[PDB]
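Notes follow once the structure below has been shown.
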Amino acid sequence: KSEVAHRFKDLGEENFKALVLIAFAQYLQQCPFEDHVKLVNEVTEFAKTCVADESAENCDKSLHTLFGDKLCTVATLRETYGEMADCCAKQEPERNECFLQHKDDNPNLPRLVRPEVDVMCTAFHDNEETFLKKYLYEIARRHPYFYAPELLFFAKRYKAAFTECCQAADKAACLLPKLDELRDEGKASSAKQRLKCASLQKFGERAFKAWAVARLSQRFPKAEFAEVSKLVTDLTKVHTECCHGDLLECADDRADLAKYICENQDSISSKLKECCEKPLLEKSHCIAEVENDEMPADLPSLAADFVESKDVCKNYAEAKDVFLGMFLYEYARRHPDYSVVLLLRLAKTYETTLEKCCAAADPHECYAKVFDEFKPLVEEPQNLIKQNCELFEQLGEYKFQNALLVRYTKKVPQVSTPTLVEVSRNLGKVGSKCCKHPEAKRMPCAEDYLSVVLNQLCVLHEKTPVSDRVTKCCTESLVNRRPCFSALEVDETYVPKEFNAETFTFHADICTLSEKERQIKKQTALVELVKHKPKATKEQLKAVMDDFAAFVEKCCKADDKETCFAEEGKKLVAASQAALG
Ligand SMILES: CCCCCCCCCCCCCC(=O)O
Ligand SMILES: CCCCCCCCCCCCCC(=O)O
Ligand SMILES: O=C(O)[C@]12C[C@H]3C[C@H](C[C@H](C3)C1)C2
Ligand SMILES: O=C(O)[C@]12C[C@H]3C[C@H](C[C@H](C3)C1)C2
């Protein structure tokens with residue numbers, strides 16, 4: 001057997017060459033692109049020898065062996081990576097483990113600049129393969145733990161955006177939003193992978209299994225508990241392995257679970273047919289994104305099994321996690337309109353009540369009201385969504401963002417201005433996205449996107465802590481994270497930042513910036529204004545922002561923009577200072 005031949009045949013040459021590029025860029029993060037292209041060509045040539053004849057020299061070696069051997073042939077391995085060259089002195093599997101240990105998650109490479117649209121469209125046009133591959137390389141070496149097939153899926157979407165937009169009348173008006181959306185989707189995917197892994201370390205496999213029970217049950221509600229339970233057990237093993245970070249082992253684990261699911265469609269879901277006709281590379285991806293199946297009609301209420309039955313405490317006590325899993329399965333499959341975390345809150349509530357009540361002489365009487373305890377937990381996120389979507393509709397995206405900016409600056413004014421801006425804007429984007437869903441779809445959508453916004457915040461904060469309240473929210477159970485953040489109040493102890501005239505000076509270019517860059521400059525100033533006058537009322541802030549808008553309208557219409565911005569700017573600042581007192 002030749003695993004390399006098998007992979008080449010299953011993936012196809014184009015996918016194989018792209019995944020080899022990613023694999024090498026993620027380990028050899030400092031080698032130039034042209035060196036990688038040469039590694040990829042040599043691996044591909046060799047793979048083709050194996051495709052032609054699985055008995056040919058070296059074709060029977062394992063992928064790990066061949067990949068390691070290839071890394072160890074890199075002439076500059078010691079000069080560039082130091083310790084990582086010491087990996088070559090090991091045999092397998094120690095060698096591969098040593099390579100994994102020496103990938104660098106923060107590699108100190110310059111930020112990837114978005115060039116001008118015409119520059120990008122010209123290069124895309126002039127050498128499409130090089131254009132796309134080089135950026136694949138740039139991103140992969142900066143995100144060495146990003147799962148390589150997912151990276152490849154994104155690359156195909158980028159390729160599609162350039163293909164469409166570079167042939168359009170207004171290239172920029174077509175392309176830039178598509179790049180913005182793909183940037184966000186990429187970061188959401190990246191953050192979800194990090195979430196799952198840190199969660200698995202920080203909270204244990206039990207927590208992750210509860211999450212999976214809830215999510216799979218919503219997705220595959222016609223599946224029986226034992227089937228959901230098997231998928232949960234395998235999914236946990238898969239995520240366990242993928243977090244260890246060996247791409248091949250992770251891929252085999254994912255492909256095995258995808259094969260299982262596809263051979264078992266009739267006992268899992270009616271929505272999988274399309275996914276299960278895809279080639280191996282895309283199958284597991286497609287399954288992970290499948291829409292929820294329709295739930296069975298005429299499912300009974302949970303009262304009989306979970307409250308009224310004389311056997312609740314007996315069934316619970318004999319196998320606690322199994323019985324709670326059943327509860328979560330039954331609740332989730334009936335509620336695809338709930339967030340996963342909401343379902344976990346309800347399961348945790350159910351658990352807390354059984355633990356208390358099953359020790360009493362009359363358990364039945366003590367847990368008789370447990371379903372009533374669920375009502376306020378469900379209503380809290382439904383009501384927050386309703387209120388936020390109504391506010392979003394009244395204000396529009398930009399002013400909604402500004403309302404959040406003001407409120408979150410007052411809550412946690414120690415956070416850096418850029419972070420407050422980025423978070424507030426992203427929360428507004430969650431509003432945009434999720435408020436276009438009907439009520440039924442709103443809570444899962446908000447959970448997913450908020451999870452990435454709050455994670456991006458928590459990552460920043462953990463690297464540069466500024467607030468004990470934020471620390472607490474970021475380090476609590478991920479279940480309680482969003483309610484802990486919702487419980488934040490205005491900071492009563494904060495000392496106003498001292499006035500700085502430069503902070504509130506604006507220049508003529510603001511008139512001609514993109515809407516996004518103009519917005520970010522205004523939002524920055526708004527945060528600074530709140531940090532300076534954290535007790536300003538909504539009326540007072542609105543008066544200042546209205547003057548600002550008048551000021552920008554007047555100076556952007558003026559002939560001599562530099563002097564208007566300077567002179568009208570000084571008048572604005574002085575007036576505003578006297579208003580806010
Ligand atoms: C503030 C921007 C988001 C727009 C929608 C409001 C979000 C409300 C939180 C919904 C609950 C998410 C999941 C949960 O914690 O149960
Ligand atoms: C201390 C007073 C100096 C502040 C002067 C005016 C500050 C401008 C407010 C920030 C931008 C408003 C946002 C907007 O309306 O788009
Ligand atoms: O494997 C593939 O087909 C490819 C490999 C690269 C270049 C181009 C666009 C993306 C990324 C998918 C083709
Ligand atoms: O700015 C962005 O979002 C990016 C930055 C680089 C890499 C990739 C494709 C292009 C160029 C746009 C993402």
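Just so you know, residue 1 is the first one in the sequence shown, and it goes up from there. These numbers come from the heavy atoms of this one structure, side chains and all, not from hydrogens, waters or symmetry mates. Just follow the structure's listing: the first ligand is 1, and inside any ligand the first atom is 1.
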Which residues pass the side-chain contact (heavy atoms from CB on, under 4.5 Å) test with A347, sequence neighbours left out?
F327, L328
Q382, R481, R345: member with heavy atom nearest to atom 15 (O) of ligand 1
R345
Among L136, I139, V113, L182, whose heavy atom sits nearest atom 5 (C) of ligand 4?
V113
Enumerate the atoms of ligand 1 whose separation from the nearest heavy atom of [X] is less than 4.0 angstrom.
X: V430; value: 3 (C)
X: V341; value: 13 (C), 14 (C), 15 (O), 16 (O)
X: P381; value: 11 (C), 16 (O)

Pair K429 + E397, salt bridge at N-O below 4.0 Å
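The answer is no: the pair does not qualify as a salt bridge.
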Looking at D104 and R142, does any basic side-chain N land under 4.0 Å from a carboxylate oxygen?
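Salt bridge absent between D104 and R142.
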Subset of ligand 3 atoms that lie under 4.0 Å from at least one heavy atom of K159
9 (C)
Enumerate the atoms of ligand 3 whose separation from the nearest heavy atom of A155 is less than 4.0 angstrom.
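Those of ligand 3 that fall under 4.0 Å from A155 are 10 (C), 11 (C).
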Below 3.5 Å, N or O to N or O, backbone or side chain included: is there any such pair between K133 and ligand 3?
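N/O-N/O distance below 3.5 Å does not exist for this pair.
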Between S339 and ligand 1, does any nitrogen or oxygen pair lie at a separation below 3.5 Å?
yes
What residues form a side-chain hydrogen bond (donor to acceptor under 3.5 Å, both in side chains) with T352, not counting sequence neighbours?
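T352 satisfies side-chain hydrogen bond (donor to acceptor under 3.5 Å, both in side chains) with no residue once adjacent residues are dropped.
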Geometric cation-pi criterion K192 and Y449, 6.0 Å radius, 45° cone:
yes
